[PDB]
Amino acid sequence: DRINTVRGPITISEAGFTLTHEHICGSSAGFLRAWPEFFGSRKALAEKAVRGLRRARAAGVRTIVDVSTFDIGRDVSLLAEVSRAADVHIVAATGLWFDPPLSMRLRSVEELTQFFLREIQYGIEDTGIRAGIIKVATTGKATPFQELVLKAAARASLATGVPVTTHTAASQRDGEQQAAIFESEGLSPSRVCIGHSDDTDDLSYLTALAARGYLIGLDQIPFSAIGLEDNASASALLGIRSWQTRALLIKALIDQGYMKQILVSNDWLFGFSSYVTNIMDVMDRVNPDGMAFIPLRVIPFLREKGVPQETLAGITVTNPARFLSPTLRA
Amino acid sequence: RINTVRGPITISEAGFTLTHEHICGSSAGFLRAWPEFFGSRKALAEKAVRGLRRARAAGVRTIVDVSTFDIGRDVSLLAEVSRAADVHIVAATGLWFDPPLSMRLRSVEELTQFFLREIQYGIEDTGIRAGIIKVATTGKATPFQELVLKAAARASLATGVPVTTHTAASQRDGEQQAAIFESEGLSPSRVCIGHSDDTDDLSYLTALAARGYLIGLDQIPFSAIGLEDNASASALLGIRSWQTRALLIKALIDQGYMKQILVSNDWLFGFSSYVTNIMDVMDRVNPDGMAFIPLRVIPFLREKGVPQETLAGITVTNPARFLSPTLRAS
Ligand SMILES: [Zn+2]
Ligand SMILES: [Zn+2]
Ligand SMILES: [Zn+2]
Ligand SMILES: [Zn+2]
């Protein structure tokens, strides 16, 4: 009956409209503290984040889930600062993404389980801030280390009730192997979001996962390099499908009967250091609305396509609350 | 003056100096996220303080902690143990073998700016300035490692701070490193070619020394003799005896290169980037820790006929000439 945020526990009712896959800053462990000038300054980054969260809040957002892991350079002290300033709840994450350092890559399943548990049950670093979600990643068939991470995430979820959310390459149908590994651990699909699922046009891939009880993360809705296709780096990151094509997958899954299984987000951020230097600016040029893109553009778009407001409130309020509220078994 | 974690020191203050050491071999952010890996931060600090006090009692006055950003260098911890043990510690900038994406994606100009920040401004928000630049290859340089070497040469050329390297001596890495450094105009007198004790190729070593390079014979206690079937320890430590490594010091002395020699242990008080208990295995191999050089190597060389004055030149005179900022130490 409580969800952990960077400001402490909140009720299901307090979470309200929740974006389930976002970032304050996509970076690397230790990088923000070592080279804040990469972002102009820590101050400038903080300011940009407060502005964006305030705009999001004005558009209706009440909570974001920051799925930045240790190796995404998650700085929960920065999260707490911006959450306070903007009055938007922020759920922090544990887990590991694609850039684990050696001190992580060398660890056993038992050790990784202890680390994820520490961040959920005790706190992150010395902040006392506890993670409310576990983030994991594969890009095609899991490496041996990625298997350890998936197993450890499942075990941490099974001991705490905190859910697991994933990065996939939806083209490579990764959710299928992620699912297989989670189920081998006894994890309920009700505690798992298969993320970046909006990157495919193969509806049958999505429906098969949904039929199994998985949550489906349609979470890069504004990602498109339409208008900048000759920007190789931007095209690689954003793809060449329109935001409308991505958004229409939400309607497609509603129509199949899977509205309760849908989670929607922007996968936005206010700083971004793990890619080409100015990728943040390019992204802002693509989507000036930032995190407010879902409420301001996507919801009205789906309404115009015939989706009732009530269904959209279900997807953006009810589903996230059911996903996040700790349980074995949602 | 030479920048230490406690402030700039004069040449006269440096005394007996171990030029390639670590307080803790880890990964960026790792110590702060998972201090229990080390028992606790307190336990790690106590172990480091005990170890430095032992080194000091054996005559050590300064160590150069060549831990980079990606070795998880925590300069706040360095300052803490430096003050507690009364041993000078020089901190490092540069990059080693585990750069995260936020480093790997950076250009030569951006890396140069980062290294310069840590030398001229300070490390993180601590105001502690680096007194050396650490770089690394394992065989032929990767494209990224080339950028790191070029950026290190540029930062050295702007500041007078020297560059020290990790090599695979068996692959004669020193020759490519030298070539890249000189293609940037760097004086060999500002460069220590490190881990040079893992070779029997005296002609490779003397050729470099003759060109003005400093030769880092810096892993003298590294040996898995008595634990050869420990795959992980033998991979890290090798099977070359400590006596063989030490006799290379005498070999270079006997060929007239005493002024080009730098000696050290490459020791540490915590180690998280390898197998979990590697620190224990290492302490079982070399209970003297950083006091191995003064307690074991020096008397061994004395017994082999090397005059004390030569050993003082190597352990006191050479490191001071190496560390004191210049563009040409001659
Ligand atoms: Zn992702
Ligand atoms: Zn993301
Ligand atoms: Zn090394
Ligand atoms: Zn080292």
Side-chain angles (χ1 to χ4, degrees), chain A residues 18-23 26 64-69 71-72 91 93 95-99 133-143 146 149-150 153 163-182 189 191-210 212 214-226 233-250 252-253 258 261-269 272 274-275 279 283 286-287 290-291 293-294 298 315-316 319-320 323, chain B residues 101:
Chain A
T18 299
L19 298 167
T20 53
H21 186 124
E22 303 293 336
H23 303 273
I64 74 167
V65 183
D66 183 334
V67 298
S68 305
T69 51
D71 64 307
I72 294 170
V91 175
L96 293 165
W97 180 73
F98 292 120
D99 198 24
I133 198 157
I134 305 141
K135 167 69 176 291
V136 301
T138 65
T139 33
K141 168 174 172 66
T143 64
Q146 284 162 5
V149 171
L150 265 38
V164 182
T165 191
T166 82
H167 171 116
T168 64
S171 60
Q172 307 232 282
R173 283 195 169 228
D174 296 358
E176 286 167 2
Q177 194 201 23
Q178 295 178 349
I181 292 158
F182 296 142
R191 307 315 293 126
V192 176
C193 177
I194 306 289
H196 307 335
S197 284
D198 54 311
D199 203 50
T200 186
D201 300 307
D202 189 352
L203 177 62
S204 72
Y205 162 71
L206 300 185
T207 58
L209 283 173
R212 291 165 72 181
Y214 289 92
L215 291 292
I216 307 298
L218 308 172
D219 55 33
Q220 299 179 310
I221 312 302
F223 282 43
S224 176
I226 285 166
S233 58
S235 188
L237 171 71
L238 300 169
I240 56 85
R241 283 157 72 254
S242 65
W243 73 261
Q244 292 92 340
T245 297
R246 292 180 174 278
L248 285 161
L249 294 172
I250 303 164
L253 288 174
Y258 297 109
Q261 303 316 120
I262 304 167
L263 295 175
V264 306
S265 231
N266 304 272
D267 198 10
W268 219 245
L269 43 204
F272 192 175
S274 54
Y275 199 50
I279 190 59
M283 286 179 78
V286 164
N287 168 35
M291 293 189 187
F293 179 76
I294 294 297
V298 170
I315 290 160
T316 57
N319 295 351
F323 183 57
Chain B
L101 284 160

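The analysis underlying the following values was restricted to heavy atoms, covering all of them including side chains, and did not include hydrogens, waters or symmetry mates. Protein chains get the first letters and strands the later ones, always in sequence-line order, with residue 1 at the start of each.
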A:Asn266 vs A:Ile221 side-chain heavy atoms within contact, under 4.5 Å: no
Main-chain N/O of A:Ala169 paired with A:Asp174 side-chain donor or acceptor, under 3.5 Å: yes
On a heavy-atom basis, which atom in A:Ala252 and which in A:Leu203 lie closest, and how many Å separate them? CB-CD1, 4.0 Å
CD1 (A:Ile240) with more than 12 external heavy atoms under 6.0 Å: no
Candidate pair A:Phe223 and A:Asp199, rule side-chain contact (heavy atoms from CB on, under 4.5 Å), full reasoning: CA-CA 9 Å; A:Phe223 282 43; A:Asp199 203 50; over 6 Å; no
Taking C-beta and beyond as the side chain, do A:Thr166 and A:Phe182 meet within less than 4.5 Å on heavy atoms? yes
Check: A:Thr139 and A:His167 side chains under 4.5 Å, non-hydrogen atoms: yes
4.5 Å side-chain heavy-atom contact, A:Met283 and A:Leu269: yes
How close do A:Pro222 and A:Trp243 get, counting heavy atoms only, and between which atoms? CA-CB, 4.2 Å
Can you tell me if A:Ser265 uses its side chain to pair, donor with acceptor, with the backbone of A:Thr20 under 3.5 Å? yes
Would you call the rings of A:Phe272 and A:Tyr275 parallel, tilted or perpendicular if under 30° counts as parallel and over 60° as perpendicular? parallel
Using distance alone, with no hydrogens and no angle criterion, decide if A:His196 and A:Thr168 have a side-chain donor and acceptor under 3.5 Å apart. no
Taking C-beta and beyond as the side chain, do A:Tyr205 and A:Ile194 meet within less than 4.5 Å on heavy atoms? yes
Heavy-atom side-chain proximity of A:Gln178 to A:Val192 below 4.5 angstrom: no
Indicate yes or no for a side-chain donor-acceptor contact from A:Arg191 to the backbone of A:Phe323 under 3.5 Å, with no hydrogens or angles considered. yes
Please confirm whether the backbone N or O of A:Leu263 pairs with a side-chain atom of A:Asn319, one donor and one acceptor, at under 3.5 Å? no
Checking A:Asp198 side chain against A:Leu218 main chain: does a donor-acceptor pair fall under 3.5 Å? no
So which of A:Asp66, A:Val67, A:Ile64 actually passes side chain to side chain contact (heavy atoms under 4.5 Å, CB included) with A:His21? A:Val67
For residues A:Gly140 and A:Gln172, report the shortest heavy-atom separation together with the two atoms involved. CA-OE1, 3.6 Å
Kindly write out the residues that satisfy side chain to side chain contact (heavy atoms under 4.5 Å, CB included) with A:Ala142, not counting sequence neighbours, or none if the list is empty. A:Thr138, A:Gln146, A:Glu147, A:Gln177, A:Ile181
Going by atom types only, do A:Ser204 and A:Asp202 share a side-chain donor-acceptor pair under 3.5 Å? yes
Please give me the minimum heavy-atom distance between A:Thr200 and A:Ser197, naming the atom from each residue. CG2-O, 3.5 Å
Do A:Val65 and A:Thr18 come close enough that some side-chain heavy atom pair is under 4.5 Å? yes
So, do A:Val264 and A:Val298 sit near enough that their side-chain heavy atoms are less than 4.5 Å apart? no
Over all heavy atoms of both residues, which pair between A:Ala153 and A:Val136 is shortest? Give the atoms and the distance, please. CB-CG1, 3.6 Å
